[PDB]
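# Descriptive analysis of the structure
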Amino acid sequence: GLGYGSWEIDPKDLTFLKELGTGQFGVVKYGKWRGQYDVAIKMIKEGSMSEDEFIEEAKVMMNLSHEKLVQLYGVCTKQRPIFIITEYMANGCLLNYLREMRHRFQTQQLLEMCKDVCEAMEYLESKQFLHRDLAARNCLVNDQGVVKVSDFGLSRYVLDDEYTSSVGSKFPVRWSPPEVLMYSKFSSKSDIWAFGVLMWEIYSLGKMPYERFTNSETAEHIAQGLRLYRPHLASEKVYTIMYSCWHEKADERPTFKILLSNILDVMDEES
Ligand SMILES: */C(C)=C\C(=O)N1CC[C@@H](n2c(=O)n(-c3ccc(Oc4ccccc4)cc3)c3c(N)ncnc32)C1
């Protein structure tokens, strides 16, 4: 309506239903838009984000649309805190979901979770859009058990204290390739590296990568050319896929298109 750009939601159209707790970079609620449509509403605390830059990027993020990407519906920026309005993912954080032993997951389910994320990332790669902080902690799960990628690109707008507070370190060392840790060289291939770590997290039912090491120790380990090793639930073929993401040379790592092909091949063999 009058006063709103295509990227802007009128917060008066929101009904708040449940508090979902403190999420990445803000408090999150479940509600409805215009009475009928489920949404999540992420409230961005004053001082936590480069807001004008974020708002400009939200216009681009609105046009990203894929079944395995948490949809950004719009933002509410005429008040503080600003709101991010998104697809609602009823079953919450992937890491919490993996860690609930009651689910008694089959490996076919764990592979499907990998495939969901791979499809989302193949889409982003096709749009030359880097995630920049891919990890199980920002994948969500819907009421149908579908995993979707969230918080894509958002780390670019987080000011230092909020990032540290929400992630638990200045930086996602455990999901970073050598060229990032050494030289800050981000690329599609740093997203590939992170994807392999995420596959490891899925097949390890939500263990912390390098679980006995500090971040400092992890960076040294990766510097020495050493790697995560095989989760017990991963077959040799699955381990080969995740391990391919960790080549010391970025140009020797696969693309998301190749990963998807590899994952489908294992699904067909392990059917
Ligand atoms: C677990 C992975 C995250 C977490 O901290 N949770 C507590 C609240 C609950 N939760 C959400 O955080 N989100 C969610 C994530 C991201 C956004 O914003 C956004 C999406 C896409 C691109 C950029 C920014 C909004 C909300 C939830 C959603 N969507 N539904 C259900 N619970 C959510 C998990």
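Residues numbered from 1 in each chain as written, not as in the entry; some residues may be left out. Heavy atoms only, no water. Residues with missing side-chain atoms left out of burial classes, pairs and counts.

What the entry reports as its method is X-ray crystallography, with 1.4100 Å given for the resolution.

The name given to the protein in the PDB entry is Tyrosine-protein kinase BTK, and the organism recorded there is Homo sapiens. Each PDB entry has a title, and for this one the record gives "BTK1 BINDS COVALENTLY TO HY-15771 ONO-4059".

Once that is clear, we can look at the UniProt feature "short sequence motif: CAV1-binding" in the protein. In this numbering, the UniProt entry assigns the feature "short sequence motif: CAV1-binding" to residues 193–200. Regarding residues 193–200, the helix share stands at 100% and the strand share at 0%, and the terminal C-alpha atoms are separated by 11 Å. (UniProt positions renumbered as here; feature names shortened; annotations may be inferred. Helix = DSSP H or I, 4+ residues; strand = E, 2+ residues; numbered from the N terminus.)

Under the feature "active site", the UniProt entry names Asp 133. Of note, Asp 133 is situated in the loop between α3 (107–126) and β6 (139–141). The buried category is assigned to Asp 133, whose relative accessible area is 6%. Here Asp 133 is in contact with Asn 138, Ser 155, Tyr 163 and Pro 172, once residues within four sequence places are set aside. (Buried < 20%, exposed > 50% of the residue type's maximum accessible area, 1.4 Å probe, protein only. Contact = heavy atoms within 4.5 Å.)

Turning to the environment of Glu 112, a few remarks are in order. Along the chain, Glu 112 falls in helix α3. Put simply, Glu 112 and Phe 16 are 96 residues apart on the chain and 32 Å apart in space, counted from C-alpha to C-alpha.

A few words now on the sheet that holds strand β4 (residues 72–76). If you walk across this open sheet you meet the five strands as β1-β2-β3-β5-β4, and the pairing is antiparallel. Bordering the open sheet on either side are β1 (14–23) and β4, each of which pairs with just one other strand. Ignoring strand direction, the axes of neighbouring strands in this sheet form an average angle of 25 degrees. (Pairing = 2+ DSSP bridges. Axes fitted to C-alpha atoms, helices over the stretch in contact; angles between N-to-C directions.)

Another point: the packing of aromatic side chains. Aromatic ring pairs are defined here through the distance separating the ring centres and the angle between the ring planes. Inspection of every chain in the model, using the stated rule, returns twelve aromatic pairs. Relative to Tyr 88, the ring of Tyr 30 has its centre 4.2 Å away and its plane inclined at 25 degrees; by these criteria the two rings are stacked. Of the two residues, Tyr 30 is situated in strand β2 (residues 26–33) and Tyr 88 in the loop between β5 (82–86) and α2 (94–99); the sequence distance between them amounts to 58 residues. We classify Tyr 88 as buried; its relative accessible area is 18%. Plain terms: the ring middles of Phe 195 and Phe 256 are 5.6 Å apart, the flat faces sit at 85 degrees to each other, and that makes the pair edge-to-face. Residue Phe 195 is located in helix α6 (residues 188–203), and its partner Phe 256 is located in helix α9 (residues 256–269); the two are separated by 61 residues in the primary sequence. These aromatic residues form a ring-pair network of at least three members: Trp 193, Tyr 239, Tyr 243 and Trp 246. Sitting over the ring of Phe 16, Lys 29 keeps its end group 5.6 Å from the ring centre. Its guanidinium or amino end placed over the ring of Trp 175, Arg 137 lies 4.6 Å from that ring's centre, counting from NZ or CZ. (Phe/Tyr/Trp six-rings, centres within 6.5 Å; stacked < 30°, edge-to-face > 60°. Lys NZ or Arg CZ within 6 Å of the ring centre and 35° of its normal.)

Where α3 meets α9, the closest approach of the two axes is 9 Å, and the angle between their N-to-C directions is 155 degrees. Taken together, the axes of α3 and α9 lie roughly antiparallel to each other. Where α3 crosses over α9, the handedness of that crossing is left-handed. Packed against α3, whose contacting residues are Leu 111, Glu 112, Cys 114, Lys 115, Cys 118, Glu 119, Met 121, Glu 122 and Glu 125, the element α9 presents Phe 256, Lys 257, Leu 259, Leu 260, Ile 263, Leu 264, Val 266 and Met 267 at the interface. Looking at side-chain class alone, the contact of α3 with α9 contains eleven nonpolar, no polar and six charged residues. (Parallel < 35°, antiparallel > 145°, perpendicular 65-115°, else oblique. Left-handed = near helix turned anticlockwise from the far one by under 90°. Nonpolar A, V, L, I, M, F, W, Y, C, P; charged D, E, K, R; others polar.)

With that settled, consider the pairing of β4. In terms of residue burial, β4 counts as a mostly covered element, since four of its five residues are buried. As paired elements, β4 and β5 share four bridges and run antiparallel to each other. The residue of β5 that forms the bridge with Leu 72 is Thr 86. Hairpin remark: β4 followed by β5, antiparallel, with five residues in the connecting loop.

The subject of this paragraph is the domain arrangement of the protein. The assigned domain composition of the protein is domain 1 (1–88) and domain 2 (89–271). Centre-to-centre, using C-alpha coordinates, domain 1 lies 25 Å away from domain 2. If you look at the interface, domain 1 gives 22 residues, while domain 2 gives 26 residues. Broken down by element, the side of domain 1 that touches domain 2 gets its largest block of residues, four residues, from helix α1 (residues 51–61). Grouping the constituent residues of the side of domain 1 that touches domain 2 by class yields eight nonpolar, eight polar and six charged. (Domains from an automatic or database assignment.)

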